[PDB]
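Taking it in order: structure first as structure tokens, then the write-up.
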Amino acid sequence: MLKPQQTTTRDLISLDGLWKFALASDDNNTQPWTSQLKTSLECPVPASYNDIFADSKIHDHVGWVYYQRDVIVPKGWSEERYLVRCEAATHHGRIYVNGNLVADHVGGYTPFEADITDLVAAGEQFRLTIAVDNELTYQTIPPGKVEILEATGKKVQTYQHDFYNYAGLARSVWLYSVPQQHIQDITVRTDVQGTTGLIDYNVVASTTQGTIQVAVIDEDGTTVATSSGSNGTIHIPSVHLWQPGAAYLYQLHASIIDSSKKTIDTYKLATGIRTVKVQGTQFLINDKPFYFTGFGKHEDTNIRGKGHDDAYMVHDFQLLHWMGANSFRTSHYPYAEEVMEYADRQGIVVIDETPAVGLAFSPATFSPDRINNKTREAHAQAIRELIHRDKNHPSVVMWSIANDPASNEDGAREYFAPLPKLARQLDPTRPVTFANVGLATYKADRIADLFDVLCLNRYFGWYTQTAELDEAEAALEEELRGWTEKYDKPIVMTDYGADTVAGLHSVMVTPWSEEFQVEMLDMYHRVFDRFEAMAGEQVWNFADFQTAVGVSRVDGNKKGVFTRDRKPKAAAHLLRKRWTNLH
Amino acid sequence: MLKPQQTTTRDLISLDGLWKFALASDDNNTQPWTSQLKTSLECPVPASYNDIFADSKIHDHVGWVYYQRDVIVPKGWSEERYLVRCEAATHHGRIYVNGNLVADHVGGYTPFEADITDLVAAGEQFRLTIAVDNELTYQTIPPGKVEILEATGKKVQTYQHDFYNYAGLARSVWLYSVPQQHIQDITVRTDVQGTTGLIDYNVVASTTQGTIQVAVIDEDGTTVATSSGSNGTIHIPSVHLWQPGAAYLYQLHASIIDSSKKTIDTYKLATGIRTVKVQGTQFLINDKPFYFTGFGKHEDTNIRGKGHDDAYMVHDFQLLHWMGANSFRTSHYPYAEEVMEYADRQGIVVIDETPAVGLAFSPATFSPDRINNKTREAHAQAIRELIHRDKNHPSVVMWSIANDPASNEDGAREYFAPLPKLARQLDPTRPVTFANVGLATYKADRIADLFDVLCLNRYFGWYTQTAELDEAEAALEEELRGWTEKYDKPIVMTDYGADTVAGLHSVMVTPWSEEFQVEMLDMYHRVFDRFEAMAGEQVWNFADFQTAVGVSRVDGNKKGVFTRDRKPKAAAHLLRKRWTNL
Ligand SMILES: CC1(C)[C@@H](O[C@H]2O[C@H](C(=O)O)[C@@H](O)[C@H](O)[C@H]2O)CC[C@]2(C)[C@H]3C(=O)C=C4[C@@H]5C[C@@](C)(C(=O)O)CC[C@]5(C)CC[C@@]4(C)[C@]3(C)CC[C@@H]12
């Protein structure tokens, strides 16, 4: 269902706060959810739990953890229908109402919920336990594999992606109410004919006794159009288009109306009128060529892990405007819905990506004992959920299906082939892409032709022709010449960068140094501007972020242009100079 | 005497190395130079001793220390005269040969020596003890005062300058030989008539029996002119000039010649043909206007303190060339002589400066109980020794008499007046300056008219309390207007910058961030470029350096554009942008 909001017809209670917290264990208490949890530990919920507690055992935990609290359903909600919703449980969430399992969800970055109307009476209190599991298998979306250290028996988690496997309730939890007859879903699609804007809409509602009205209201509160029925086409004269760098949002009120013209349900959906098209080598937004500038990001801050944070969100966006970035990519998982809403209002463009990173063991990655058909089922599910959630965001301009898959290997094409089609079939308003790793050159990649736009991640300066910038220039150039001569598509660079410790400086060519970072980004730009087919450049990464432990990671990933606490490295000023002095 | 060298007639022995080291104490060994020091400590000799031992007592020590080692005079110096020289002992040095005092010297940054010819015989070993004192008084030229912490009894050294009071033998020590008849000094003075270069020379030699010859050899080895006599004028047709862009150096060989045609003594002095001139607000090198770019520096590196270091010197000059900096000032004491030679070869320009910093207690600074005429003598003495040693360097383009005196107070003009006259008199070929502090505004200062070029130190602190850039800008411009209306002289900004920790970053305007330092330098430049009379900009400082302890000092002074270990802050790149262009 739609992201819940408070209306004249719907109530919404935040369940964020401190919750009682416990790890699972091998105790005579298998089944925590059946009674009041016994812990002195409280974990705040919009948070990953790993770094909260300054305890190694919680942090390194593999398997289930339990959050618990008492909740009271408002007495004035009799005659209504109500649900508990998790915006996200990373990676596998279960919801329990007093000992009853009521939901079981498997991906780590999308919503789920349970209708508890008939299980708990209005004005009743109940014990809400949400179990969350972090275990990654070859069938989970980021895939991974649990192993056991030989000498100690410590359970340990392997995976093939960078960012740390933060787990828990990294996004908000909610109790909300909906009327018996309610709106369940809305799809809006937006074209333009000359200066007239056209909204294709479809409303899905629980019942049909009494009907659907729609109103489109501009930023001034003026109703600009109306329509009747659960689906149709709304004409808007002299539309205020939604543009990169100049958002405009209309406000689409779907109501349910009874036999009298009395309102039964209402829901307010923000929509931007905008078109995306790929014509040969150009990426077009409202029939105007567009060039991405900005970053791959991560949901990651000093203590709350992947926990959504309003201050860092508003600030991060403020830093984007400051340096003239116009976009970012939801690198390696869908971000919080509230970030997409904020991008819509800020006029920021978004490459929206599924959690499907780490489909690469470089042993054959696409075989029965690795990424296999059941894995592809999970991947298809992730695509559906993401698209289902973010279909109405004008900011979201393209779906990224995966990140660094081993798209050079036998079996990779048979694995991915259905996936671009599924996305295009669920949402025909946007192009589909994926982010290509260096192994999969223009020669070796065997997947690229099934996508509408090509995204490349490349580290010539850092990882291969190390500190040898001229050597990296030549190989970068060759490569790009290969892609441009082989495909007639837009090419957006989505990773390029270098680990850089703030404060570390050198007059020489010195990796990890602030000067080196600048020298490399600067060179990459020089090469980009030589190629007409480039449609975007997004630096890796916006900010330093935590990764799994490893001798080649200095307390995480330091390829940020800002520090974890958002202080600018020299590179940040270079991009600022570049992106504000060119379109 | 002249900086010693190896010639065909002269031998030179380095005495650098590890020496035995002891602090003074109050036991019956009241005279350590009268016998072998049995201490187990060894201190390296081109170095300050303070951070070397990882020991508090030694670092914080106030008073004398003793260095010691044996030396052997070579067998073949029989017919020869021989000396022990310290390039520098900071601040007060004594040389002992086996229980006998043979030299006592007071300034901390210039050389001294002793003729030991008659005390020790060729082929003899002797015990060399060198006592060095670190105490400052109101009469030492950087002045200070020793005090006692009442609760602990601890002896403590107060002073008014920034940089830490490092002591010891910060510079090399030598045993050397010279014939009985020898050259003792040479003065060269260079000038231009059309395209022909002129060299006035004067040679001072220990005896006048048998004459003096001079040859002037070019960079290709060609003798290009000669002269006879102890003094004269040599003409160099179509001279290649020494320029800031591009050093060219002639090599002048002064000799003493016996009745026959036989060389008895010889000495090789590098000379660059160049003029310096002030005209109105313009500083002219070889008749064309010059704009100083670069730094205030310090002799400061991580362990050895003020000890001279060939590596850091070459690198520091590469970094200057890297950022297109064309000059620096020897803030705030003469630097190693080798730096001045190296500056000559590198084509870099030098404001050469005395130890006279800290003549300011902001109680009346210039008065009989504070900085007085006895102090002025040490100061005159300091000018004398600096000019005598650096007079022949083409890189040295101006003398700086003092840094941050209280030039706004009563007594200040009467104290200073003799000093620039003295400098111009010992060297009439260069202009004289001093670095003026923020208190001495164009109104308040009462000394400035006695100098040829005005050097201002104007940290933004003087102008704004709360690190507000627009406030700083309005006040700097007002002040510079005052100076340009009231004096017809070149103005060089000799201190400007911001304390800055490497790695501290902010998208806001925040002091102590790399961004703030950048923005402040940049705003200062915009202001300087609005004024025709500006002849120069030297940022304070080149690199981070150690200071006395202050809660306002973060393990030293962090105004460096480089870190102590020579890493660039963002400010270095900003300066590189400006100086490599215009
Ligand atoms: C690590 C990834 C998947 C890729 O994405 C990463 O970006 C950042 C990072 O590298 O730290 C982080 O955001 C995070 O860790 C990841 O998202 C970056 C590129 C990547 C490291 C590849 C390379 O950089 C280069 C490789 C070369 C190329 C190869 C095969 C060739 O084509 O000739 C020669 C050998 C080698 C080392 C093979 C591995 C890759 C393709 C590598 C390391 C794979 C992983 C990539």
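All residue names refer to the structure tokens as shown: chains lettered A, B, ... in order, residues numbered from 1 in each chain, ligands numbered from 1 in order.
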
Please identify all polymer residues within 9 Å of region 316-331 of chain B, counting only C-alpha atoms, omitting same-chain residues fewer than 4 positions from it, and present them as a PDB file with C-alpha atoms, in the first residue's frame.
ATOM      1  CA  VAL A 507      53.306  18.010  -3.728  1.00  0.00           C
TER       2      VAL A 507
ATOM      3  CA  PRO B 244      65.780  37.048  -9.745  1.00  0.00           C
ATOM      4  CA  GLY B 245      64.566  34.967 -12.623  1.00  0.00           C
ATOM      5  CA  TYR B 291      57.514  42.553  -6.613  1.00  0.00           C
ATOM      6  CA  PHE B 292      58.416  40.261  -3.679  1.00  0.00           C
ATOM      7  CA  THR B 293      56.473  37.051  -3.555  1.00  0.00           C
ATOM      8  CA  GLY B 294      57.082  34.333  -0.951  1.00  0.00           C
ATOM      9  CA  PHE B 295      57.457  33.896   2.794  1.00  0.00           C
ATOM     10  CA  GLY B 296      58.558  34.531   6.198  1.00  0.00           C
ATOM     11  CA  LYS B 297      60.447  31.376   7.178  1.00  0.00           C
ATOM     12  CA  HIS B 298      62.176  29.933  10.212  1.00  0.00           C
ATOM     13  CA  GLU B 299      65.013  27.518  10.797  1.00  0.00           C
ATOM     14  CA  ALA B 311      68.017  18.317   2.795  1.00  0.00           C
ATOM     15  CA  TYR B 312      65.252  20.509   4.130  1.00  0.00           C
ATOM     16  CA  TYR B 335      70.034  31.955   8.819  1.00  0.00           C
ATOM     17  CA  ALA B 343      69.986  31.598  -2.440  1.00  0.00           C
ATOM     18  CA  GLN B 346      69.022  29.567  -6.991  1.00  0.00           C
ATOM     19  CA  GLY B 347      68.226  33.184  -8.056  1.00  0.00           C
ATOM     20  CA  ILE B 348      66.066  33.731  -4.968  1.00  0.00           C
ATOM     21  CA  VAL B 349      65.831  37.080  -3.243  1.00  0.00           C
ATOM     22  CA  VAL B 350      66.435  37.644   0.463  1.00  0.00           C
ATOM     23  CA  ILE B 351      65.434  40.119   3.076  1.00  0.00           C
ATOM     24  CA  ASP B 352      68.182  39.409   5.599  1.00  0.00           C
ATOM     25  CA  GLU B 353      67.311  40.094   9.228  1.00  0.00           C
ATOM     26  CA  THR B 354      68.963  40.489  12.676  1.00  0.00           C
ATOM     27  CA  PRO B 355      67.921  38.698  15.906  1.00  0.00           C
ATOM     28  CA  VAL B 357      62.788  40.641  17.684  1.00  0.00           C
ATOM     29  CA  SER B 400      65.783  44.157   8.247  1.00  0.00           C
ATOM     30  CA  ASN B 403      60.870  42.551  13.960  1.00  0.00           C
ATOM     31  CA  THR B 494      55.859  40.754   5.557  1.00  0.00           C
ATOM     32  CA  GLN B 538      55.377  37.451   1.978  1.00  0.00           C
ATOM     33  CA  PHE B 542      56.240  29.054   5.046  1.00  0.00           C
ATOM     34  CA  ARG B 566      56.586  20.176   4.461  1.00  0.00           C
ATOM     35  CA  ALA B 572      50.018  26.454  -0.868  1.00  0.00           C
ATOM     36  CA  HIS B 573      48.056  25.656  -4.032  1.00  0.00           C
ATOM     37  CA  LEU B 574      46.286  29.020  -3.885  1.00  0.00           C
ATOM     38  CA  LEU B 575      49.606  30.839  -3.621  1.00  0.00           C
ATOM     39  CA  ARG B 576      50.975  28.738  -6.458  1.00  0.00           C
ATOM     40  CA  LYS B 577      48.103  29.867  -8.605  1.00  0.00           C
ATOM     41  CA  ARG B 578      48.742  33.542  -7.975  1.00  0.00           C
ATOM     42  CA  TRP B 579      52.549  33.538  -8.179  1.00  0.00           C
ATOM     43  CA  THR B 580      53.055  31.363 -11.254  1.00  0.00           C
ATOM     44  CA  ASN B 581      50.812  33.859 -13.211  1.00  0.00           C
TER      45      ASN B 581
END

Where does DSSP see strand (DSSP E) in region 151-380 of chain B, if you list the residues as a PyMOL selection string?
-> chain B and resi 155-159+168-169+173-178+183-193+196-205+212-217+223-228+231-236+250-257+263-271+276-279+282-285+288-289+292-296+327-329+349-353

Filtering to C-alpha atoms, could you give me those residues as a short mmCIF file (atom, residue, chain, number, x, y, z; two decimals), in the first residue's frame?
data_model
loop_
_atom_site.label_atom_id
_atom_site.label_comp_id
_atom_site.auth_asym_id
_atom_site.auth_seq_id
_atom_site.Cartn_x
_atom_site.Cartn_y
_atom_site.Cartn_z
CA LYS B 155 64.01 28.12 36.67
CA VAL B 156 62.07 29.44 33.66
CA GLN B 157 62.90 31.69 30.65
CA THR B 158 60.44 34.46 29.61
CA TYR B 159 60.57 36.31 26.33
CA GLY B 168 73.04 24.62 21.28
CA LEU B 169 75.40 24.39 18.33
CA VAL B 173 81.95 23.51 13.72
CA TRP B 174 85.30 23.66 12.01
CA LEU B 175 89.07 23.25 12.38
CA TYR B 176 90.86 25.04 9.58
CA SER B 177 94.19 26.41 8.43
CA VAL B 178 95.47 29.43 6.74
CA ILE B 183 93.32 37.13 3.09
CA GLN B 184 91.01 37.96 6.02
CA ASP B 185 88.16 39.69 4.34
CA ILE B 186 86.89 40.70 0.95
CA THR B 187 84.33 43.30 0.08
CA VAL B 188 82.80 43.29 -3.40
CA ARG B 189 80.36 45.90 -4.71
CA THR B 190 78.80 45.54 -8.06
CA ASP B 191 77.28 48.07 -10.40
CA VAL B 192 76.53 48.63 -14.10
CA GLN B 193 77.68 51.07 -16.80
CA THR B 196 79.59 46.69 -18.86
CA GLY B 197 79.58 45.43 -15.29
CA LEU B 198 81.69 47.02 -12.54
CA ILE B 199 83.15 45.30 -9.50
CA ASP B 200 84.74 47.33 -6.77
CA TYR B 201 86.73 45.08 -4.57
CA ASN B 202 88.74 45.52 -1.47
CA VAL B 203 90.86 42.73 0.01
CA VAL B 204 92.14 42.84 3.55
CA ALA B 205 95.13 40.58 4.16
CA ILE B 212 97.43 40.81 -4.26
CA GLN B 213 96.01 39.45 -7.59
CA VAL B 214 92.40 39.06 -8.62
CA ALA B 215 90.94 36.97 -11.43
CA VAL B 216 87.23 37.01 -12.34
CA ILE B 217 86.14 33.79 -13.94
CA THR B 223 89.01 34.36 -17.01
CA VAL B 224 87.20 37.44 -18.12
CA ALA B 225 89.11 40.15 -16.22
CA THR B 226 92.06 40.65 -13.83
CA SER B 227 93.41 43.26 -11.39
CA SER B 228 96.43 43.87 -9.20
CA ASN B 231 91.61 47.21 -3.91
CA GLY B 232 90.33 48.35 -7.29
CA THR B 233 87.62 48.41 -9.97
CA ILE B 234 87.24 45.58 -12.47
CA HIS B 235 85.38 45.95 -15.74
CA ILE B 236 83.32 43.09 -17.19
CA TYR B 250 81.04 35.08 -11.52
CA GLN B 251 83.77 33.57 -9.49
CA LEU B 252 86.39 35.98 -8.11
CA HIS B 253 89.73 34.48 -7.09
CA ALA B 254 91.67 36.71 -4.69
CA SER B 255 95.31 35.74 -4.20
CA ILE B 256 98.45 36.73 -2.43
CA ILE B 257 101.61 36.42 -4.58
CA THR B 263 100.67 31.67 -5.10
CA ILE B 264 100.88 31.79 -1.31
CA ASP B 265 97.17 32.14 -0.51
CA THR B 266 93.95 32.06 -2.56
CA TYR B 267 90.25 32.33 -1.94
CA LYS B 268 87.23 31.89 -4.18
CA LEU B 269 84.34 34.29 -3.71
CA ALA B 270 81.10 33.95 -5.68
CA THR B 271 79.84 37.29 -6.96
CA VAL B 276 69.28 47.39 -5.77
CA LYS B 277 67.54 50.78 -5.69
CA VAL B 278 64.54 52.43 -4.15
CA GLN B 279 62.83 55.17 -6.19
CA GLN B 282 59.38 51.17 -6.46
CA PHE B 283 61.95 48.58 -5.48
CA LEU B 284 64.33 48.16 -8.41
CA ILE B 285 66.67 45.27 -9.09
CA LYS B 288 63.45 47.26 -13.30
CA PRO B 289 60.54 47.20 -10.80
CA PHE B 292 58.42 40.26 -3.68
CA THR B 293 56.47 37.05 -3.55
CA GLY B 294 57.08 34.33 -0.95
CA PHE B 295 57.46 33.90 2.79
CA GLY B 296 58.56 34.53 6.20
CA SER B 327 61.80 35.55 -2.15
CA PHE B 328 61.80 35.06 1.59
CA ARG B 329 62.84 36.89 4.78
CA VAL B 349 65.83 37.08 -3.24
CA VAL B 350 66.44 37.64 0.46
CA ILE B 351 65.43 40.12 3.08
CA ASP B 352 68.18 39.41 5.60
CA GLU B 353 67.31 40.09 9.23
#

Selected residue, from A:575, A:199, A:402, A:504, that lies nearest to ligand 1 when counting only C-alpha atoms and all ligand atoms |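 The shortest atom-to-atom distance to ligand 1 comes from A:402.
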
Contacts with ligand 1 at most 7 Å, only C-alpha atoms and all ligand atoms counted, listed as a ChimeraX atom specification = /A:161-163,362,404,437-441,457-459,463-464,495,540-541,557

Limited to N, CA and C atoms, could you put the picked residues into a file as a PDB file, in the first residue's frame?
ATOM      1  N   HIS A 161      30.168  -7.158  -1.555  1.00  0.00           N
ATOM      2  CA  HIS A 161      30.067  -5.703  -1.673  1.00  0.00           C
ATOM      3  C   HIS A 161      30.851  -4.960  -0.595  1.00  0.00           C
ATOM      4  N   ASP A 162      31.129  -3.684  -0.839  1.00  0.00           N
ATOM      5  CA  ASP A 162      31.888  -2.866   0.102  1.00  0.00           C
ATOM      6  C   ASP A 162      31.131  -2.556   1.397  1.00  0.00           C
ATOM      7  N   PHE A 163      30.178  -1.632   1.320  1.00  0.00           N
ATOM      8  CA  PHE A 163      29.475  -1.137   2.516  1.00  0.00           C
ATOM      9  C   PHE A 163      29.159  -2.177   3.604  1.00  0.00           C
ATOM     10  N   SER A 362      34.604 -12.720  -8.230  1.00  0.00           N
ATOM     11  CA  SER A 362      35.935 -12.578  -8.893  1.00  0.00           C
ATOM     12  C   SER A 362      36.746 -11.385  -8.351  1.00  0.00           C
ATOM     13  N   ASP A 404      27.879  -3.719 -10.460  1.00  0.00           N
ATOM     14  CA  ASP A 404      29.024  -4.577 -10.675  1.00  0.00           C
ATOM     15  C   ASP A 404      28.694  -6.073 -10.754  1.00  0.00           C
ATOM     16  N   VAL A 437      31.108  -3.155 -14.252  1.00  0.00           N
ATOM     17  CA  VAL A 437      32.383  -3.239 -13.607  1.00  0.00           C
ATOM     18  C   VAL A 437      33.451  -3.385 -14.690  1.00  0.00           C
ATOM     19  N   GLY A 438      34.681  -3.005 -14.348  1.00  0.00           N
ATOM     20  CA  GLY A 438      35.831  -3.070 -15.241  1.00  0.00           C
ATOM     21  C   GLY A 438      36.108  -4.368 -15.965  1.00  0.00           C
ATOM     22  N   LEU A 439      35.858  -5.526 -15.359  1.00  0.00           N
ATOM     23  CA  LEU A 439      36.048  -6.791 -16.064  1.00  0.00           C
ATOM     24  C   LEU A 439      35.264  -6.775 -17.319  1.00  0.00           C
ATOM     25  N   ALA A 440      34.023  -6.323 -17.204  1.00  0.00           N
ATOM     26  CA  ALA A 440      33.110  -6.364 -18.325  1.00  0.00           C
ATOM     27  C   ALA A 440      33.397  -5.174 -19.232  1.00  0.00           C
ATOM     28  N   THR A 441      34.448  -5.294 -20.046  1.00  0.00           N
ATOM     29  CA  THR A 441      34.822  -4.217 -20.971  1.00  0.00           C
ATOM     30  C   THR A 441      33.761  -4.154 -22.054  1.00  0.00           C
ATOM     31  N   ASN A 457      31.373   1.944 -14.039  1.00  0.00           N
ATOM     32  CA  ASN A 457      32.255   2.221 -12.925  1.00  0.00           C
ATOM     33  C   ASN A 457      33.699   1.905 -13.290  1.00  0.00           C
ATOM     34  N   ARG A 458      34.590   2.900 -13.172  1.00  0.00           N
ATOM     35  CA  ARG A 458      35.992   2.736 -13.591  1.00  0.00           C
ATOM     36  C   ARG A 458      37.007   3.396 -12.641  1.00  0.00           C
ATOM     37  N   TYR A 459      38.078   2.666 -12.293  1.00  0.00           N
ATOM     38  CA  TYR A 459      39.096   3.083 -11.339  1.00  0.00           C
ATOM     39  C   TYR A 459      40.515   3.024 -11.863  1.00  0.00           C
ATOM     40  N   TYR A 463      43.162   1.637  -8.821  1.00  0.00           N
ATOM     41  CA  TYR A 463      43.323   0.190  -8.648  1.00  0.00           C
ATOM     42  C   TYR A 463      44.247  -0.554  -9.660  1.00  0.00           C
ATOM     43  N   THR A 464      44.447  -0.007 -10.864  1.00  0.00           N
ATOM     44  CA  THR A 464      45.156  -0.740 -11.948  1.00  0.00           C
ATOM     45  C   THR A 464      46.465  -0.053 -12.457  1.00  0.00           C
ATOM     46  N   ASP A 495      30.744   5.305 -11.162  1.00  0.00           N
ATOM     47  CA  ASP A 495      31.878   5.319 -10.210  1.00  0.00           C
ATOM     48  C   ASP A 495      33.151   5.800 -10.918  1.00  0.00           C
ATOM     49  N   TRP A 540      32.393   8.684  -7.242  1.00  0.00           N
ATOM     50  CA  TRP A 540      32.305   7.728  -6.120  1.00  0.00           C
ATOM     51  C   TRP A 540      33.319   8.215  -5.101  1.00  0.00           C
ATOM     52  N   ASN A 541      32.908   8.656  -3.912  1.00  0.00           N
ATOM     53  CA  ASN A 541      31.542   8.622  -3.399  1.00  0.00           C
ATOM     54  C   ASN A 541      31.323   9.991  -2.831  1.00  0.00           C
ATOM     55  N   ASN A 557      35.559   3.021   3.850  1.00  0.00           N
ATOM     56  CA  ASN A 557      35.870   3.486   2.511  1.00  0.00           C
ATOM     57  C   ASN A 557      36.052   5.002   2.481  1.00  0.00           C
TER      58      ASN A 557
END

Near-residue 448 (chain B) list (12 Å; only C-alpha atoms; drop same-chain fewer than 2 positions) as an MDAnalysis selection string = chainID B and resid 401 405:408 412:413 416:417 420 432:437 440:446 450:456 483 486:491

Give me, as JSON, numbers by chain, the contact residues of chain B against chain A at a cut-off of 10 Å, counting only C-alpha atoms.
-> {"B": [319, 322, 501, 502, 503, 504, 505, 506, 507, 508, 514, 515, 562, 563, 566, 567, 568, 569, 570, 572, 573]}

Given only C-alpha atoms as the counted atoms, nearest of A:172, A:134, A:50, A:196 to residue 15 (chain A) =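 Closest to residue 15 (chain A), using only C-alpha atoms: A:172.
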
What lies within 7 Å of residue 185 (chain A) using only C-alpha atoms, ignoring chain neighbours under 6 positions off, as number ranges by chain?
-> A: 1-2, 203-205

Taking the backbone alone, and naming residues the way the document does, which bits of region 23-252 of chain B are helix (DSSP H, G or I) by DSSP, as a list in words?
->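 After running DSSP on the backbone, region 23-252 of chain B has helix (DSSP H, G or I) at residues 32, 33, 34, 56, 57, 58, 59 and 60 of chain B.
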
What would the file look like if the residues just selected were written as an mmCIF file, in the first residue's frame with N, CA and C atoms?
data_model
loop_
_atom_site.group_PDB
_atom_site.id
_atom_site.type_symbol
_atom_site.label_atom_id
_atom_site.label_comp_id
_atom_site.auth_asym_id
_atom_site.auth_seq_id
_atom_site.Cartn_x
_atom_site.Cartn_y
_atom_site.Cartn_z
ATOM 1 N N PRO B 32 83.775 21.979 34.042
ATOM 2 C CA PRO B 32 83.840 20.787 33.185
ATOM 3 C C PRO B 32 84.850 20.844 32.048
ATOM 4 N N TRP B 33 85.164 22.017 31.529
ATOM 5 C CA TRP B 33 86.184 22.126 30.445
ATOM 6 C C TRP B 33 87.639 21.799 30.842
ATOM 7 N N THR B 34 87.903 21.639 32.138
ATOM 8 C CA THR B 34 89.241 21.326 32.606
ATOM 9 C C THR B 34 89.495 19.829 32.649
ATOM 10 N N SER B 56 62.957 16.117 29.636
ATOM 11 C CA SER B 56 62.440 17.397 30.137
ATOM 12 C C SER B 56 63.483 18.327 30.729
ATOM 13 N N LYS B 57 64.235 17.773 31.675
ATOM 14 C CA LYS B 57 65.309 18.482 32.328
ATOM 15 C C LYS B 57 66.167 19.190 31.268
ATOM 16 N N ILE B 58 66.562 18.464 30.223
ATOM 17 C CA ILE B 58 67.448 19.008 29.173
ATOM 18 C C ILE B 58 66.681 20.003 28.293
ATOM 19 N N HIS B 59 65.445 19.693 27.947
ATOM 20 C CA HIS B 59 64.675 20.624 27.159
ATOM 21 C C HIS B 59 64.437 21.961 27.909
ATOM 22 N N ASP B 60 64.097 21.898 29.178
ATOM 23 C CA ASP B 60 63.625 23.078 29.883
ATOM 24 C C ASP B 60 64.782 23.827 30.551
#

Nearby residues (only C-alpha atoms) at most 12 Å from residue 377 (chain A), same-chain spacing under 3 positions excluded, as an MDAnalysis selection string = chainID A and resid 106:107 138:141 356 371:374 380:384 415:416 418:419 422

By how many Å are CA of residue 165 (chain B) and CA of residue 50 (chain B) apart?
->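 The value is 9.0 Å.
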
Just the residues within 10 Å of residue 180 (chain A), please, counting only C-alpha atoms, with nothing from its chain fewer than 2 positions along; format it as a count of residues only.
-> 12

Nearest to residue 471 (chain B) among B:339, B:11, B:80, B:524, with distances taken over only C-alpha atoms: which residue is it?
->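 Using only C-alpha atoms, residue 471 (chain B) sits closest to B:524.
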
Between CA of residue 168 (chain A) and CA of residue 153 (chain A), measure the distance and give it in Å to one decimal.
->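 Going from CA of residue 168 (chain A) over to CA of residue 153 (chain A) covers 23.8 Å.
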
For CA of residue 525 (chain A) and CA of residue 406 (chain A), the interatomic separation in Å (one decimal) =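 Value for the CA of residue 525 (chain A)-CA of residue 406 (chain A) distance: 26.5 Å.
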
Selection: 9 Å around region 248-254 of chain A, only C-alpha atoms, excl. self and same-chain fewer than 5 positions, as a list in words =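 With the cut-off at 9 Å, the set is residues 183, 186, 203, 212, 213, 214, 215, 216, 217, 218, 219, 221, 240, 241, 242, 243, 265, 266, 267, 268, 269, 270, 271, 272, 273, 344, 345, 347 and 394 of chain A.
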
Residues from last step as file, C-alpha atoms, as a compact mmCIF listing (two decimals), in the first residue's frame:
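The result, stored in part_35.txt:
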# COMPACT_ATOMS: atom_id res chain seq x y z
CA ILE A 183 -7.37 3.87 -1.60
CA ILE A 186 -2.23 5.09 -7.35
CA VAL A 203 -6.49 4.39 -8.62
CA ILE A 212 -13.50 7.87 -7.15
CA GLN A 213 -12.98 11.60 -7.67
CA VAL A 214 -9.62 13.18 -8.50
CA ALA A 215 -8.42 16.74 -8.19
CA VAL A 216 -5.18 18.26 -9.41
CA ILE A 217 -4.13 21.27 -7.40
CA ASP A 218 -1.23 23.50 -8.23
CA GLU A 219 1.38 24.90 -5.82
CA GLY A 221 -3.86 25.57 -3.78
CA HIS A 240 4.26 24.06 -15.13
CA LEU A 241 6.73 21.38 -16.06
CA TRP A 242 8.93 19.72 -13.43
CA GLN A 243 12.57 20.50 -14.36
CA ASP A 265 -11.31 8.50 2.00
CA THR A 266 -8.75 10.90 0.64
CA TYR A 267 -5.04 10.68 -0.21
CA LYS A 268 -2.68 13.38 -1.47
CA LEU A 269 -0.02 12.40 -4.05
CA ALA A 270 2.76 14.73 -5.14
CA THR A 271 3.35 14.62 -8.86
CA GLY A 272 5.69 16.30 -11.28
CA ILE A 273 4.95 16.53 -14.97
CA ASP A 344 11.19 15.68 -6.03
CA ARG A 345 10.89 19.01 -4.17
CA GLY A 347 14.56 19.37 -8.25
CA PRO A 394 9.47 12.69 -11.04

Out of B:137, B:429, B:372, B:365, which residue has the shortest atom-to-atom distance to residue 399 (chain B) when counting only C-alpha atoms?
->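 Of the candidates, the smallest distance to residue 399 (chain B) is held by B:429.
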